[PDB]
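Undergrad: Protein chains in written order, with the working numbering: chain A, 1 to 1114; chain B, 1 to 13. Ideal Cβ placement from N, Cα and C applies to all residues, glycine included.
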Amino acid sequence: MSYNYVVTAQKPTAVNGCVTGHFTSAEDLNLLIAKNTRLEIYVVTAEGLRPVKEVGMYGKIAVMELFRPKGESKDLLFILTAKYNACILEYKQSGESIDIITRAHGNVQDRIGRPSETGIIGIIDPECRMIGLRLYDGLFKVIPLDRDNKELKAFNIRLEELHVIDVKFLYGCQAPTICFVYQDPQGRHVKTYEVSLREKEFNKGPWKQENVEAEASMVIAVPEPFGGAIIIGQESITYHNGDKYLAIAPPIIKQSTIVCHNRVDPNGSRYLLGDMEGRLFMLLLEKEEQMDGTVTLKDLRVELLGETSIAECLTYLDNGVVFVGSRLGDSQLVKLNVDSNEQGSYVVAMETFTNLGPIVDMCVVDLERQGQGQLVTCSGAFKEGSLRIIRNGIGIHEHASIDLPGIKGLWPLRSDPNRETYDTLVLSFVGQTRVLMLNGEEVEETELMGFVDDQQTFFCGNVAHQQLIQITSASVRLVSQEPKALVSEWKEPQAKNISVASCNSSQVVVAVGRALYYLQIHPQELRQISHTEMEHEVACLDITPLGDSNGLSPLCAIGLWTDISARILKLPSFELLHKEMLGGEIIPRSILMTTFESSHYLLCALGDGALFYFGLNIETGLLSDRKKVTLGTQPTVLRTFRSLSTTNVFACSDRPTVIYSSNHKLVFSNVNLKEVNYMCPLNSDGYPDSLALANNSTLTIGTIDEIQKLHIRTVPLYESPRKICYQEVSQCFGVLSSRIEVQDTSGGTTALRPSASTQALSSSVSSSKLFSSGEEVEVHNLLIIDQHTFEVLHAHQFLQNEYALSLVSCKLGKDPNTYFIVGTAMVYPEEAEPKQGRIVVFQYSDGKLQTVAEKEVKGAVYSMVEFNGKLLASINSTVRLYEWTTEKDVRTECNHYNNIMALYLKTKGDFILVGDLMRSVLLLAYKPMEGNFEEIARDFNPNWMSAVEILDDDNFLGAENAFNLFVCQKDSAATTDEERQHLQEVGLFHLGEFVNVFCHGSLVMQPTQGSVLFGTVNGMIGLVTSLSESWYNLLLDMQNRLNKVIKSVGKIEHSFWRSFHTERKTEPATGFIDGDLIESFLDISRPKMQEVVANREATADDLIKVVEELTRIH
Amino acid sequence: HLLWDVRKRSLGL
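1. Which of helix, strand or coil does DSSP assign to A/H399?
2. Which whole-angstrom value is the C-beta distance of A/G609 and A/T594, which I expect to be below 8 Å?
3. Could you check what DSSP says for A/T1008 in three-state terms: helix, strand or coil?
4. Can you give the beta carbon distance from A/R838 to A/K811, rounded, assuming they're within the 8 Å contact cut?
5. How far does the beta strand (DSSP E) with A/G187 in it extend, from its first residue to its last?
6. Compute the Euclidean distance between the alpha carbons of A/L283 and A/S217, then round it to the nearest angstrom.
7. To the nearest angstrom, report how far apart A/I1021 and A/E445 are at their CA atoms.
8. Can a CB atom of chain B be found closer than 8 Å to the CB of A/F771?
9. Can you find a CB in chain B that lies within less than 8 Å of the CB of A/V827?
10. Considering only C-alpha positions, which residue in the set A/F1072, A/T1025 and A/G1050 is nearest to A/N1033?
11. Nearest-angstrom Cα distance between A/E706 and A/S662?
12. Any residues in the stretch 889-908 of chain A with a beta carbon nearer than 9 Å to a beta carbon of chain B? Which ones, in chain order?
13. Nearest chain B C-beta to A/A381 closer than 8 Å, yes or no?
14. With DSSP run on the structure shown, which of helix, strand or coil describes A/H1054?
15. With distances taken from CA atoms, which of A/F574, A/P572, A/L576 and A/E580 is nearest A/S565?
16. Rounding to the nearest angstrom, what Cα-Cα distance links A/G813 and A/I821 in this structure?
17. Using a Cβ-Cβ distance cut-off of 8 Å, determine whether A/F994 contacts chain B.
18. Short of 8 Å Cβ to Cβ, which residues in the stretch 830-846 of chain A face chain B?
19. Please state whether the Cβ-Cβ distance between A/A973 and A/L965 is less than 8 Å.
20. At a Cβ threshold of 8 Å, is A/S946 touching chain B?
21. Give the single residue among A/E525, A/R270 and A/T698 whose Cα lies nearest to the Cα of A/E398.
22. Residues of the stretch 222-246 of chain A with a CB closer than 7 Å to any CB of chain E: list them in chain order, please.
23. If you count every other CB in all the chains shown that lies within 10 Å of the CB of A/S1028, and 16 or more means buried, which is it?
24. Taking only beta-carbon positions, decide if A/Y678 is within less than 8 Å of chain B.
25. Looking at the strands, I want to know which residues DSSP matches up with A/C810.
26. Does A/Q731 come out as helix, strand or coil in the three-state DSSP assignment?
27. Count the other CB atoms within 10 Å of the CB of A/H578; is the residue buried (16 or more) or exposed (fewer)?
28. If we define contact as Cβ-Cβ less than 8 Å, is A/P358 a contact residue for chain B?
29. According to DSSP, is A/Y271 helix, strand or coil?
30. Is the stretch 363-374 of chain A in contact with the stretch 290-304 of chain A, if contact means three or more CB pairs nearer than 8 Å?
31. Using only the alpha-carbon positions, how far apart do A/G325 and A/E312 sit?
32. Anything in chain B within Cβ reach of A/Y803, meaning under 8 Å, just list it in chain order.
33. For the alpha helix (DSSP H) containing A/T1111, list its first residue and its last residue.
34. Under 7 Å between beta-carbons, which chain B residues line up against residue 1171 of chain A? List them in chain order, please.
35. With distances taken between CB atoms, is the gap from A/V167 to A/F180 smaller than 8 Å?
36. Does A/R639 have its Cβ less than 8 Å from a Cβ in chain B?
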């Protein structure tokens, strides 16, 4: 009985694969980017990427190829998952609706077979007769492609070559032929086979098995005009066809392994190659020919083009542009040019796409001492290495702050016709209007002719033809720029009050109840036009001359009072078109029409807090999409502000929201304010682009960040960070980091590019003498990072061949000082289980790093949490507990040795600890008895752990290596010295990700219990919470209902997907829910949703609310 | 050594 919830906080950002072709249309260039469990679909444009579709799958995409057989309009997509789910996908659009379809599927795992070295490789023959796969050593799996075979059924063929490296289907082959580099004892060899389904055997290929180099590793098959295979080694590259053999050994490739190729030119005259380094090569097939007779290949060469982010994926797109698929660092768009500018790099970066990288460690914050956590992560590796601060929501920067418990609206007035700046703020008040002539940045409250000061203003626009406007309770006044007095002033013919305002800069519409008017500020006076009553009382009115209108404004939209409805109308007529009869006894407190990139929209906030958004047609004007969304428990006021181009809508509530503009959609990100009542743009000669905000009591004005739900700040490190600690008292982070450096002309090491550790403000090296007994080495550092500036305050360099591996920041013993302790490891390529290392105690002084204490140790200090005023530390197989003398030294009390390799420890305040490497997780207490360790319980499963966290006194979370999560707890059991000694895995789950780090923290706040964040190798941030048995059940059941109803892309059983699974065991998930699934709910049509309820109670949309309440834990 | 092999893992393939 363990009960948990897991949700994505940020999807994986690492790019796992990518591919190009025409999957959208026969005449349209798509790039498909595979993240982990996400397919991204783009059209390549002149600008770059137009996003088209972002589907998920129930699987880690292992194979992604586009293909097209005979009689096929556009490229089908083949996908093999890691759990061996194969499928074939087709891009389908119903004019406005986009759907990816499953043309076939089948699971292709074989109960037999070991999964080979070098992983899954699927492939596809040029003629599209079939799909060849290599999953298992010895076996090659063949899947004929035929109109039928919708189940992708497949035979195996035996393969003498037990240890294949890479394989491709050769071009221009009468028979389906494959080409493969295999490795036996003798070396590595290229070989071929024709492939016949006719009789489920191979035959022989068109050419003798040749040889290839010891590190040979990529096969490339060159298209029809050339044929044959390009095979890429280390320090070398070669070509093969029948009798032809071409070779090259440019030293320029020697320094790093090529790692991806991609063809540029269909003929294959040109190819791109990427590197462990980021270097981008161009591999050219020197042209050549001999009259009537196909093109030969005289030669081939490498041209270093420059540098990219480290590339998993590479894909030439349109003209000179290349997408660089990165997993170790940020992905990017990148222009190649015939000319190499400064530095001599034909490769200029165009776009850079954020990868939260492999997140190697991370921590909450803890910055502007507010109450929300910023998450700070060590990311990337090598030169992509970085920190990334991640802050949920959109912040705003406050300049002035006038405490005003009234403000009931506010409007943006310039007092000088010329200047784009507004030096006045007129604001609705407690049945009043205060004016604010600002002396630039200074506040001062005075009169202003024709602008009533004893009247609750309800509007105040910037009306053209040199005039000002002030709609009050009473009369819709008018004031001049030339005269500046009472130019006009309207007044209802009966002495009746205006109930609801409206205006832009030329158009004027008021209402008095059910009544409607319409005025115009025609030079120096208000002339009326229409009048029309309505069913019920006018709740709200929107009008802004949208697209094809300059001041004068097309159609109209309205919310009424008894029937609680919102309805599309026109103008001088006032003719009712289509309408919606929204439910509820609560009135639409605000209606809005707008424009964005290329679309018009109708938005309606009610007073319950919830909202309805719909799309308007400047021409036609009718329905769109029914779907309400809760936000500010208090009526939402909607406005529109200055930002950039896509200028957007601000939602004022208890829960202030912005509404962005996604993939031509509209974002719904939180704003980091206490509350907002009303809000408007600005530009004073002393408060430029700022939106003034007003709450219960206070005016405020400032800029607005980007948008995207979440914001990400990035400290580029150039080297590869490893661990990281915040030491608040000293307002900085320590970060363990490593760079790499070469052996010199004798042994010394240089420093290719500058990194954070060499560009440091100050610096250090270890003096300590505790020891005494081309080539790449690592150099490791503690870094002091200013929390405010993210400057490398100080760098401490560690000893030759010493590894910092663990980092704490704590106070120790009675000692009222706070240290950065660092566990380390003396690492030589001779052994493989360090026998020496150290614990070092640092202090960071005024601007200073004082090596306070060191401690030799007889193994690698893997992890070390601060225990209980003492220092607990894992020292290779043996966990120890060090105390801090008064006389300032780390000295032992106890150790425990029942550890194959203690990699991870964590501490629930109490004298309780937990961890391990290949035999997943022990629990241990510390005994104020013989100040000792009593091993309370382990878990007797063979889990190769990666991360480990304590959720509560009983619950222990672990991540491991198949990408599985599992929870453990202590067995409440009779016979309490056995069933006791054994804790049971009472929650299992296949996550789909490698978890490096857990931590208690949350991204949110100023249903669920606890909040543990996680960072993955893929840049996914998850979150794990605990559950009441009842929510569990509600949700567990809901999980099942939800899956009968959702069309899982490639027809993959969700439950099959989430199934705890190693290559030696497969159990269904228990004690876990993907909120990711749960949340799938909301993206569902109401019909499909109603279905989900067939049966304390069971409703229909009480849940629509339950699910919302959760989306809000991250 | 495991160290290296523990890195390579924390950082995928």
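TA: Quick look at the numbers:
1. When secondary structure is reduced to three states using DSSP, A/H399 falls in the coil class, being assigned neither helix nor strand.
2. Contact check for A/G609 and A/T594: beta-carbon distance about 21 Å, past the 8 Å limit, so the pair fails to qualify.
3. Coil.
4. Under the criterion of beta carbons closer than 8 Å, A/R838 and A/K811 do not qualify as touching, at roughly 20 Å.
5. Under the DSSP assignment, A/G187 falls in the beta strand (DSSP E) whose first and last residues are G187 to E194.
6. Roughly 16 Å between the two C-alpha positions.
7. In a straight line, the C-alpha of A/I1021 is about 50 Å away from that of A/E445.
8. Taking Cβ atoms only, chain B never reaches closer than 8 Å to A/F771, which makes this a no.
9. By the rule that beta-carbons nearer than 8 Å mark a contact, A/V827 touches chain B.
10. The shortest C-alpha separation from A/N1033 is found at A/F1072.
11. Taken atom to atom, the span from the alpha-carbon of A/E706 to that of A/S662 is near 12 Å.
12. So the list reads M901 and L903, given in the order they occur along the chain.
13. By this cut-off, A/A381 is an interface position.
14. Helix.
15. Answer by Cα proximity: A/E580.
16. Answer to the nearest angstrom: the Cα atoms are 14 Å apart.
17. At least one chain B Cβ lies under 8 Å of A/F994.
18. For the stretch 830-846 of chain A, which is checked against every Cβ of chain B, the residues closer than 8 Å are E831, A832, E833 and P834.
19. For A/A973 and A/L965, no; Cβs fall outside 8 Å.
20. Yes, because at least one Cβ of chain B sits closer than 8 Å to the Cβ of A/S946.
21. The option with the nearest alpha carbon to A/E398 is A/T698.
22. In the structure shown, chain E cannot be found, because the protein chains are A and B.
23. A residue is called buried once 16 or more other Cβ atoms fall within 10 Å of its Cβ, and A/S1028, having fewer, is exposed.
24. Taking a beta-carbon distance threshold of 8 Å, A/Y678 does not count as an interface residue toward chain B.
25. Its beta-bridge partners are A/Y819.
26. DSSP, reduced to helix, strand and coil, places A/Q731 outside both helices and strands of the structure shown, so it counts as coil.
27. Sixteen is the threshold: since fewer than 16 other Cβ atoms of the shown chains lie within 10 Å of the Cβ of A/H578, the residue is exposed.
28. Judged by the 8 Å Cβ criterion, A/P358 is in contact with chain B.
29. It is a strand residue.
30. No, the stretch 363-374 of chain A does not touch the stretch 290-304 of chain A.
31. A straight-line Cα-Cα distance of about 5 Å links A/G325 and A/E312.
32. Within 8 Å Cβ-Cβ: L3.
33. DSSP places A/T1111 inside the alpha helix (DSSP H), whose first and last residues are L1103 to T1111.
34. No answer is possible for residue 1171 of chain A: it lies beyond the span of chain A, which begins at 1 and ends at 1114.
35. Contact: yes.
36. Chain B contact via Cβ: absent.
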